[PDB]
*Asks:* 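Take this structure first; my questions come after.
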Amino acid sequence: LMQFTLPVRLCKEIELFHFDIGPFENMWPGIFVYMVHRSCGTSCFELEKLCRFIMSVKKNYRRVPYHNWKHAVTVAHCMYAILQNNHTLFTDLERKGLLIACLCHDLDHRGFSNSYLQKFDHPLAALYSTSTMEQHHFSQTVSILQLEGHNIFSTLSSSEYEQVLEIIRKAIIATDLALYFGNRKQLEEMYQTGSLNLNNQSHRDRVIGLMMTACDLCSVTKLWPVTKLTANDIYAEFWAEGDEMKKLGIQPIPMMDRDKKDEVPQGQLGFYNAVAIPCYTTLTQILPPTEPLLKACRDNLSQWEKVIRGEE
Ligand SMILES: Cc1nc2c(S(C)(=O)=O)cc(CCc3nc(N4CCCC4)nn3C)nn2c1C
Ligand SMILES: [Mg+2]
Ligand SMILES: [Zn+2]
């Protein structure tokens with residue numbers, strides 16, 4: 001049967017946490033199938049249903065600067081690297097669910113925060129009062145799973161299907177960063193008082209939530225030139241949202257005000273110190289073989305410090 005294979009440099013570097021999937025959009029589906037096949041098996045999904053699923057998922061990501069199809073596949077590769085470094089820790093259903101959740105986690109993102117949708121009074125803000133975009137992404141995921149010929153989970157029992165859709169729902173909701181701060185504190189406490197227990201389902205759920213935040217933020221774990229150019233896309237969105245806040249008669253927060261372009265380096269410091277480093281530190285305590293993500297994060301913080309010192 002039909003293995004996907006990658007050129008040599010990608011075959012070796014895809015295994016590393018800091019891999020960048022590259023600028024050739026047409027290779028991203030093959031990269032994803034490659035990662036399914038190694039992390040899950042050639043048996044996990046029917047190739048034709050999987051291919052069809054991946055292509056409808058792509059079609060439902062919008063042409064926005066950051067929250068686009070490249071982000072989806074990027075977050076899926078970080079999950080691949082976590083799963084492959086922690087072979088025996090995860091169930092077969094988790095292996096199945098988590099790469100799908102990662103590919104799907106920002107489906108139909110419009111380039112605006114939950115907060116902007118609430119202030120604009122978008123219909124989605126009435127349908128979903130918290131984690132607005134994330135409930136939308138999970139909804140789009142179910143929609144695409146229900147298209148004819150798209151049920152990649154059709155070989156699972158009813159109860160196994162319900163479990164996988166529940167891993168996916170929780171993994172996608174956990175990407176709402178408003179939820180991360182508390183998830184991470186609870187995990188920091190359970191790990192330190194030694195109550196953390198991977199047989200407890202509500203504990204796995206938290207650990208998979210943190211994994212989701214870690215994959216989602218994985219821009220900060222790349223080689224410096226990747227990190228730095230990705231920040232440009234991240235701000236291109238924030239600043240467009242800022243413009244849209246000013247159109248509603250609202251001062252955006254500094255993060256979203258393009259008049260604060262000059263403070264970016266200091267904004268990245270606060271973000272590495274308040275969000276990124278805590279994220280990868282707690283993740284490395286729970287899952288020691290994820291340490292290269294923390295190391296890469298720390299290398300990038302120290303590059304932002306250099307930019308501030310005028311050394312860059
Ligand atoms: C992967 C990645 N995720 C993010 C996010 S997130 C997870 O919210 O999506 C936010 C940020 C912006 C952080 C920030 N910038 C500023 N300023 C800009 C100039 C004035 C103030 N303040 N703050 C807090 N960066 N980022 C990165 C590199
Ligand atoms: Mg999101
Ligand atoms: Zn995302």
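Quick note: numbers below take in every heavy atom, side chains included, and nothing from hydrogens, waters or symmetry partners. Residue numbers count from 1 along this sequence.
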*Asks:* Using only atom types and a distance under 3.5 Å, with no angle test, would you say the side chain of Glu237 pairs donor to acceptor with the backbone of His67?
*Replies:* yes
*Asks:* Without hydrogens or angle criteria, can the side chains of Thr221 and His18 be said to hold a donor-acceptor pair below 3.5 Å?
*Replies:* no
*Asks:* Looking at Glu46 and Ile152, would you say the former's side chain and the latter's main chain have a donor-acceptor pair under 3.5 Å?
*Replies:* no
*Asks:* Determine whether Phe4 and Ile31 make a side-chain contact, defined as any pair of heavy atoms from C-beta on separated by less than 4.5 Å.
*Replies:* no
*Asks:* Is it true that the side chains of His137 and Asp108 contain a donor and an acceptor less than 3.5 Å apart?
*Replies:*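 No.
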*Asks:* Does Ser131 use its side chain to pair, donor to acceptor, with the backbone of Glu134 at less than 3.5 Å?
*Replies:* no
*Asks:* Would you say the side chain of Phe153 lies within less than 4.5 Å of the side chain of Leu165, judging by non-hydrogen atoms?
*Replies:* yes
*Asks:* Is there a donor in the side chain of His109 and an acceptor in the side chain of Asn68, or the other way round, less than 3.5 Å apart?
*Replies:*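 No pair is found: no donor N or O on one side chain lies under 3.5 Å from an acceptor on the other.
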*Asks:* Verify whether one side chain among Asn300 and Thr227 offers a donor that lies under 3.5 Å from an acceptor in the other.
*Replies:* yes
*Asks:* Side-chain contact test, heavy atoms from C-beta onward, threshold under 4.5 Å: evaluate it for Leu287 versus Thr290 and give yes or no.
*Replies:* yes
*Asks:* Please report the C-alpha distance between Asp106 and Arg62 in whole Å, then the side-chain angles of each, then the deciding distance to 0.1 Å, and finally whether the salt bridge (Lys or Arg N to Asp or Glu O under 4.0 Å) criterion is met.
*Replies:* CA-CA 10 Å; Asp106 271 327; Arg62 300 199 168 209; over 6 Å; no
*Asks:* For the pair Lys222 and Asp20, find out whether any cationic side-chain nitrogen is under 4.0 Å from an anionic carboxylate oxygen.
*Replies:*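 Looking at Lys222 and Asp20, the cut-off is not met.
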*Asks:* Using only heavy-atom distances, determine whether the side chains of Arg95 and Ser39 contain a donor-acceptor pair under 3.5 Å.
*Replies:* no
*Asks:* Would the number of heavy atoms belonging to other residues, nucleotides or ligands and lying under 6.0 Å from CD of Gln201 be above 12?
*Replies:* yes
*Asks:* Do you know which two heavy atoms are closest between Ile277 and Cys297, and how far apart they sit?
*Replies:*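 Nearest pair, atom of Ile277 first, then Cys297: CD1-SG, 3.5 Å.
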*Asks:* Would you say the side chains of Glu15 and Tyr80 form a donor-acceptor pair under 3.5 Å?
*Replies:*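 A donor-acceptor contact under 3.5 Å links the two side chains.
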*Asks:* Is any side-chain heavy atom of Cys218 closer than 4.5 Å to one of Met79?
*Replies:*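 The answer is no, as the side chains (C-beta and beyond) never meet within the 4.5 Å cut-off.
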*Asks:* Of the non-hydrogen atoms in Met55 and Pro29, which two are nearest, and what is the gap between them?
*Replies:* SD-CG, 4.1 Å
*Asks:* Please determine if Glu189 and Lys185 form a salt bridge, counting it only when a charged side-chain N lies under 4.0 Å from a carboxylate O.
*Replies:* no
*Asks:* Could you tell me whether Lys247 and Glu244 make a salt bridge, using a distance below 4.0 angstrom between a side-chain N and a carboxylate O?
*Replies:*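 Salt bridge between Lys247 and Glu244, a charged N being under 4.0 Å from a carboxylate O: yes.
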*Asks:* Are more than 12 heavy atoms from other residues, nucleotides or ligands located less than 6.0 Å from atom CZ of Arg63?
*Replies:* no
*Asks:* May I ask you to check whether over 12 heavy atoms, not counting those of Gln135, lie within 6.0 Å of atom CD?
*Replies:* yes
*Asks:* Check this for me, if you would: do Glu48 and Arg52 make a salt bridge, where the nitrogen-to-carboxylate-oxygen distance has to be below 4.0 angstrom?
*Replies:* yes
*Asks:* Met245 and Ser115: which non-hydrogen atoms are nearest, and at how many Å?
*Replies:* CE-OG, 3.7 Å
*Asks:* Using atom types as modelled and distance alone, determine if a side-chain donor or acceptor of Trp28 lies under 3.5 Å from a backbone N or O of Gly22.
*Replies:* yes
*Asks:* Between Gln266 and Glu263, is there a donor-acceptor pair closer than 3.5 Å when you use the side chain of the first and the backbone of the second?
*Replies:* no
*Asks:* Counting distance only, does the side-chain N/O of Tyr180 pair as donor-acceptor with the main-chain N or O of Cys279 below 3.5 Å?
*Replies:* yes
*Asks:* If you look at every heavy atom in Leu124 and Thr132, which pair is closest and at what distance?
*Replies:* O-CG2, 3.4 Å
*Asks:* Return yes if some donor-acceptor pair links the side-chain N/O of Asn85 with the main-chain N/O of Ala81 below 3.5 Å, else return no.
*Replies:* yes
*Asks:* With a cut-off of 6.0 Å (strictly less than), are more than 12 heavy atoms of other residues, nucleotides or ligands near CD of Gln3?
*Replies:* yes
*Asks:* Any side-chain donor paired with an acceptor under 3.5 Å for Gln303 and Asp299?
*Replies:* no
*Asks:* Give a yes or no on this: more than 12 heavy atoms of other residues, nucleotides or ligands lie within 6.0 Å of atom CZ of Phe120.
*Replies:* no
*Asks:* Can you tell me how far apart NE2 (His150) and CD1 (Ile54) are? Round to the nearest 0.5 Å.
*Replies:*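 Rounded to the nearest 0.5 Å, the NE2-CD1 separation comes to 10.5 Å.
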*Asks:* Test side-chain hydrogen bond (donor to acceptor under 3.5 Å, both in side chains) on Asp233 and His71 and set out the steps.
*Replies:* CA-CA 11 Å; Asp233 298 332; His71 172 69; over 6 Å; no
*Asks:* Check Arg169 with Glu166, please: is the shortest side-chain N to carboxylate O separation under 4.0 Å?
*Replies:* yes
*Asks:* Does NZ belonging to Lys228 count more than 12 external heavy atoms closer than 6.0 Å?
*Replies:* no
*Asks:* Under a 3.5 Å distance rule, please check whether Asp257 uses its side chain to pair with a backbone N or O of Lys260 as donor and acceptor.
*Replies:* no
*Asks:* Quick check for you: to the nearest 0.5 Å, what is the distance between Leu93 atom CG and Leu156 atom CG?
*Replies:* 6.0 Å
*Asks:* Apply salt bridge (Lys or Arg N to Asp or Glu O under 4.0 Å) to the pair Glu291 and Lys295, showing each step before the final yes or no.
*Replies:* CA-CA 6 Å; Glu291 195 196 342; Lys295 168 180 182 304; over 6 Å; no
*Asks:* Is a donor on one side and an acceptor on the other found under 3.5 Å between the side chain of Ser302 and the backbone of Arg298?
*Replies:*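 Such a contact is absent between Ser302 side chain and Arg298 backbone.
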*Asks:* Does any non-hydrogen side-chain atom of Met211 lie less than 4.5 Å from one of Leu283?
*Replies:* yes
*Asks:* Between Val142 and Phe138, is there a side-chain heavy-atom distance shorter than 4.5 Å?
*Replies:* yes
*Asks:* When you measure from the side chain of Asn86 to the backbone of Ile82, do you find a donor-acceptor pair of N or O atoms at a distance under 3.5 Å?
*Replies:* yes
*Asks:* Indicate yes or no: at least one non-hydrogen side-chain atom of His77 is less than 4.5 angstrom from one of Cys102.
*Replies:*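 A side-chain contact is absent here, since even the closest heavy-atom pair is not under 4.5 Å.
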*Asks:* Checking side-chain polar atoms at under 3.5 Å, does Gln268 have a donor or acceptor matched by the opposite partner on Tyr235?
*Replies:* yes
*Asks:* State, to 0.1 Å, how close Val57 and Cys104 come at their nearest heavy-atom pair, and which atoms those are.
*Replies:* CG2-SG, 3.9 Å
*Asks:* Taking all heavy atoms of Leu145 and all of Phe53, pick out the closest pair and write down the distance.
*Replies:* CD2-CE1, 3.6 Å
